[PDB]
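In the order they appear, the protein sequences are chains A and B. Here the first sequence is numbered in the working numbering, starting from 559 and rising by one per residue. Here the second sequence is numbered in the working numbering, starting from 82 and rising by one per residue. Where is the CB? At the ideal position from N, CA and C, for every residue including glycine.
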Amino acid sequence: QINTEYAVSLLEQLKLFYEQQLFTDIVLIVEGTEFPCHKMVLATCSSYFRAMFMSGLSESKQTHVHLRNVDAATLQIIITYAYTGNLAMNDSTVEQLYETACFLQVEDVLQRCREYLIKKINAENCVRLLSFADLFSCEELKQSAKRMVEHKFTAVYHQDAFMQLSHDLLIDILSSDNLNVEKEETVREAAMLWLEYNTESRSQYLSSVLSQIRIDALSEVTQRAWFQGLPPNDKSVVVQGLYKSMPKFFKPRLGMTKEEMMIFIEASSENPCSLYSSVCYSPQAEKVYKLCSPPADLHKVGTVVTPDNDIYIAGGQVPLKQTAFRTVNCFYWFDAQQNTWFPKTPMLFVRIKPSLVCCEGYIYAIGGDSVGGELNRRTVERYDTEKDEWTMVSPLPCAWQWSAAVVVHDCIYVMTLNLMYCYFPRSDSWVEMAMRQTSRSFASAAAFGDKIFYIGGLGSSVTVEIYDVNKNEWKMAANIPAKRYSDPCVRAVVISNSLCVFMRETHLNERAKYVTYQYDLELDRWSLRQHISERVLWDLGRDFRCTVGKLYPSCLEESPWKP
Amino acid sequence: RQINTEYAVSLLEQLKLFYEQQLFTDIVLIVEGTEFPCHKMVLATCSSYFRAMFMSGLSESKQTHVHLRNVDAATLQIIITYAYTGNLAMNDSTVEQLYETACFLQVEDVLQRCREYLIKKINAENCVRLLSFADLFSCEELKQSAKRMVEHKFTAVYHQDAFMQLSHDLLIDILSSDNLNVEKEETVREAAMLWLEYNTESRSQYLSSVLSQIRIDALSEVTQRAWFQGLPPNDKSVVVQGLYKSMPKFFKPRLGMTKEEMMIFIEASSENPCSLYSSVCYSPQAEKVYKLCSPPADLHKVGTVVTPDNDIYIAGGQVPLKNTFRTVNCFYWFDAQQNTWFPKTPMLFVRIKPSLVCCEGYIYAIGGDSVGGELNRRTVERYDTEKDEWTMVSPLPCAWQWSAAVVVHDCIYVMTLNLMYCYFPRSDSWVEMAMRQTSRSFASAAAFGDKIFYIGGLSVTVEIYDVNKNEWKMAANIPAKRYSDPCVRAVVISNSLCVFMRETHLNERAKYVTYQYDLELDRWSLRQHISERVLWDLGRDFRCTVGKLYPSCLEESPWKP
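As structure tokens, this is what we get:
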């Protein structure tokens, strides 16, 4: 191999020459700023300077080149990267950095900024990044922007930059089958408002934008509104659209295929070659669709589903390369369509079984057997979904183990064996709450409306303690009627605007039975909503978690397994 | 920060590619008609002369073609390719010209690399040549190393052709130094004379200077008559100046005369509990116990060998892994004056307690757990003291453990439990020899005269073998106290066969005593009893070998009687 010591010595000597200006022969003249540099470094880094000097043109012998349509700071950072390899990339100058990299055709900085932008893609810059990837040919960025823009924009459709988009880009966006919309009318009104941004600059594109939307809205309202905005005496558009909506037979999209499903993680692996797996139950389809494995079989993790219906994974441990397990603070995000886990910004401290709770767009991970264990062994930390970073919050006053947390009334409610503390995001403080009369642990709670339903606790039992936020008191309702001499595995969840329970029971010398019940809020009784047949759902285990979310049956595949 | 992962390797490789394609070049070097297009930046960053060649404002700074002379084409090409790729790939022949060109071009890195290569390759013959080379081009490290090597070897050769052509200052430094490894004072006198006989009437003043340098002890023997035979005619004041060098200039004894025949011991009972083993020495005549520095200071289970030129070598050994005994094939050599250990070319197999045998100037390592898992478990490997390399030879006939090997009549002899094979260096083959009637192991043999004396084994078995007769016979039993396990050590002392044995009983202290053995008497006469007031306990795995050492360079071992 090439001697790295001599390579770094040569590089540092060249950078010293650059700083001291000894062997510089070519100077870059940009907006009156002198940039003394060498030809060898520029040729090695950029693919434009190699065609600027070794070309035989008038600049081959000229020692002063007036490089135009560039920026001084961008050129300076590119030159210093070419001379030392350090590329300091902030969150603002990456746009002009990519512009100058494309202008100068430098592959290394182009790849680096492409990776930075593939990491930086978020909701508030999705349309801007897609427009940037349309301006400069970049297929990876274009595809990532396609996916993220489709999802987040069809969720939001309010960005100001969406109005200033090319016709081809909008045709690609609207005609795609990856849009995430609960209805087919929101895309219609989004297209209408985009068209009405201008009057005559969009008339020619009117015949094309309607060609990608289904005819179910091409004969109903929002056709006379276009006639109102039609240019005067234009008889080539009204009669055109009058007899035009014959083709494009109505085909349902993919965004209207989200159903309230119970996502399960760390289920019992069917094949003994793997430790655990992830499955999902369909309360409506009455089937069990398989889910992608956790990233690097990440066990002992926590789940959260934001009001925007997004799944996240935090904490967990990976078997170190017989008992062998090491805890890692890696963070991941689940793609609802690609059926894969996209990595995100990792946490600061590793966790085991963390309680992920979403509130005000922030992901809160409370506790989880942190590595530190100092006097603040109860330190909790939130995540920024806008800036893609983690921020510490007010620590929990008391150290708790095997706890659960929910969000009610824009506040974080973490529950332990007998104590409860409410966190105020506005003031970053903890307030003492009501005290339970029973010592129970290893249970889960579901936030339904303005009440907290702590179900089960210790196997578990059928004890239920209902807490009211407005009343600040713990009261008993009833006990779930289950078979005696059994060990039910209770799982509290909210579904169909009602509090249902996923309770798996096992009898003596008998296999586990799956059945869910609907708890009557006013009657204080668990009614049999549906019985899960064992012909579709097999054993899941004991350390499995359940959460409420929506998934697409089309993108996912049915799990092939014998009843 | 110098990021070595992406840019450094890529930048260096692209610069090399640009050099290959003759791209972006602006300076070309003319060397006796050969053209070397290159770049100014690489020459500036590598050589400390090209930076002044292209930066200092003169007529050659703005000069597309430069005619650089007094430089070899191949050396400049290899320097340029080293600057463009970082790899030197130096041979053993073009080192002198490469170093000369590096010194002319002031390229510090390649200068240091060549200095290390030259200081590692002062083997046997280029010592005076590279000493003169270092005198021409000032190099303190090379100068000192070559001076020590010359003081060690030229004092035994003093006939090298290159030694005749030396500058006066270097010769004065060599001769006036008190590091001459000569047991007699006339050899240096005749060396100086022969250095002043081939070049006479040209260095007459330097002749007088060297005459004064050699001093009275050798000046009063023959030099006057030889000079009278060889003096130029009509020289009178030269007689006056030569007659003056009889009384003055501090006649003092030399250092090479102190070649006392002693015994080098390894793996002794360390005094400080922090250390495990130590290497010490014993003086048969001075009746003193000297110490030596451990070669690795941490590795043990080494083997010793002594060449006829009184040199000490250490090969193989095992060292603890120091995790939070691994075998190492390293090699070392003991300095007779610096009391240190300079490493040499390592072996190819990690041996445990190798048996090194010297013959025909070559070091032969026989057995000693080569790798253990060999397809042919019975193999050997020798050493070249001149070429400094390891050469594979014909393997062992049979696989043996705890064996011993000696050299007799320029022939390799290895002894095992009951078998013995003679290895012919000329034909590189093993010939079957006589078989012992007694099966004894864990013993060593001594090569005294033309007879091999295999002593001990499990005892006091004295089996004498003769090469000319090819037979094994018994002589007697060494007188040792009963209820004891003697530790026998057979070695040559002052051209007389003697033994060094220690007896240990129950609830009794060890006693050290050496006896004088006679060939025709078959008796070990009491020669000298080693008093415990000067020598302490050694141990069980200690080894003994015969060699000459310097008392002044070494240090006495402090121990309470």
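Short CB-CB distance (under 9 angstroms) between residue i and chain B
i         : result
A/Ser-567 : yes
A/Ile-636 : no
A/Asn-644 : yes
A/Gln-571 : yes
A/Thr-621 : no
A/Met-612 : yes
A/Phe-593 : no
A/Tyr-564 : yes
A/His-596 : yes
Member of the options whose CA lies at the smallest distance from the CA of residue i
i                      : options                                    : result
B/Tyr-445              : B/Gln-419, B/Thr-421, B/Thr-385            : B/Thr-385
B/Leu-498              : B/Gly-537, B/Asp-469, B/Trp-276, B/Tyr-363 : B/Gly-537
A/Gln-722              : A/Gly-590, A/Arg-746, A/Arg-760, A/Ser-702 : A/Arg-760
B/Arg-210              : B/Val-176, B/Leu-96, B/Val-90              : B/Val-176
B/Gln-193              : B/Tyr-358, B/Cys-220, B/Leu-212, B/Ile-108 : B/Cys-220
residue 525 of chain A : A/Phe-785, A/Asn-1028, A/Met-819           : Residue 525 of chain A cannot be examined here, being either before or after the span of chain A that is shown, 559 to 1121.
A/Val-846              : A/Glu-1092, A/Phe-661, A/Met-804           : A/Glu-1092
B/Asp-173              : B/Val-383, B/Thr-145, B/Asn-204, B/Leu-157 : B/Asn-204
B/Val-269              : B/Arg-590, B/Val-188, B/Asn-576, B/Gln-294 : B/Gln-294
A/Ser-618              : A/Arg-608, A/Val-797, A/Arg-1103           : A/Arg-608
B/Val-512              : B/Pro-329, B/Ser-520, B/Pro-506, B/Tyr-502 : B/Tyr-502
Minimum Cβ-Cβ distance from residue i to chain A less than 9 angstroms
i         : result
B/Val-387 : no
B/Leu-104 : yes
B/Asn-151 : no
B/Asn-85  : yes
B/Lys-434 : no
B/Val-123 : yes
B/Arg-296 : no
B/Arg-132 : yes
Spatial neighbours of residue i in its chain, beta-carbon cut-off 8 angstroms, leaving aside the 5 residues before and after
i          : result
A/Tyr-1110 : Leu-812, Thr-815, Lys-816, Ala-894, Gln-895
A/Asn-934  : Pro-953
A/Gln-579  : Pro-594
Whole-Å CB distance - residue i paired with residue j, under 8 angstroms assumed
i                     : j         : result
B/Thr-466             : B/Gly-442 : 5 angstroms
B/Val-461             : B/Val-452 : Contact flag wrong, Cβ pair sits at about 13 angstroms.
B/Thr-408             : B/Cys-374 : Their Cβ separation, rounded to whole angstroms, is 22 angstroms, which puts B/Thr-408 and B/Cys-374 out of contact at 8 angstroms.
A/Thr-903             : A/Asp-946 : 5 angstroms
B/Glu-264             : B/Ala-299 : Not really, about 14 angstroms apart at Cβ, beyond 8 angstroms.
residue 50 of chain B : B/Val-627 : No information on residue 50 of chain B is available, as it lies outside the stretch 82 to 642 that chain B covers here.
Beta-carbon proximity list for residue i, same chain, < 7 angstroms, skipping 5 on both sides
i                     : result
B/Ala-272             : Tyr-239
residue 74 of chain B : The shown model of chain B, from 82 to 642, leaves out residue 74 of chain B, and the question about it has no answer.
B/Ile-545             : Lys-532, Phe-534, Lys-554, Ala-556
B/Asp-622             : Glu-348
B/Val-112             : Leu-149, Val-152, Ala-154, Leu-157
Beta-carbon contacts of residue i that lie in its chain and below 6 angstroms, excluding the five residues immediately before and after
i          : result
A/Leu-727  : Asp-692
A/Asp-1082 : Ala-1035, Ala-1036
B/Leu-288  : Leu-277
Residue i: first and last residue of the uninterrupted alpha helix (DSSP H) it sits in
i                      : result
A/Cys-1113             : No alpha helix (DSSP H) holds A/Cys-1113; DSSP gives it neither H nor E.
A/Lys-710              : 697-714
A/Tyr-801              : It is not in any alpha helix (DSSP H) - A/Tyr-801 carries neither H nor E in the DSSP assignment.
B/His-249              : 249-257
A/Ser-913              : Premise fails: A/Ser-913 lies in the beta strand (DSSP E), 913-917, not in any alpha helix (DSSP H).
B/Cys-208              : 207-217
B/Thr-182              : 176-186
residue 514 of chain A : An answer regarding residue 514 of chain A cannot be provided, because it is not within the stretch 559 to 1121 covered by chain A.
residue 684 of chain B : Here chain B comprises residues numbered 82 to 642, so residue 684 of chain B is not present and cannot be evaluated.
Near the ligand HEM: residue i beta-carbon under 8 angstroms from a heavy atom
i         : result
A/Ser-985 : Absent from the structure shown: the ligand HEM. Ligands present: none.
Host beta strand (DSSP E) of residue i (start-end)
i          : result
A/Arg-1087 : 1083-1089
B/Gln-366  : That residue, B/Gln-366, is in no beta strand (DSSP E); it is neither H nor E in DSSP.
B/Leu-98   : It is not in any beta strand (DSSP E) - B/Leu-98 instead sits in the alpha helix (DSSP H) that spans 88-102.
Contacts of residue i in chain D (Cβ-Cβ under 8 angstroms)
i        : result
B/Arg-82 : In summary, chain D is missing from the structure at hand, where the protein chains are A and B.
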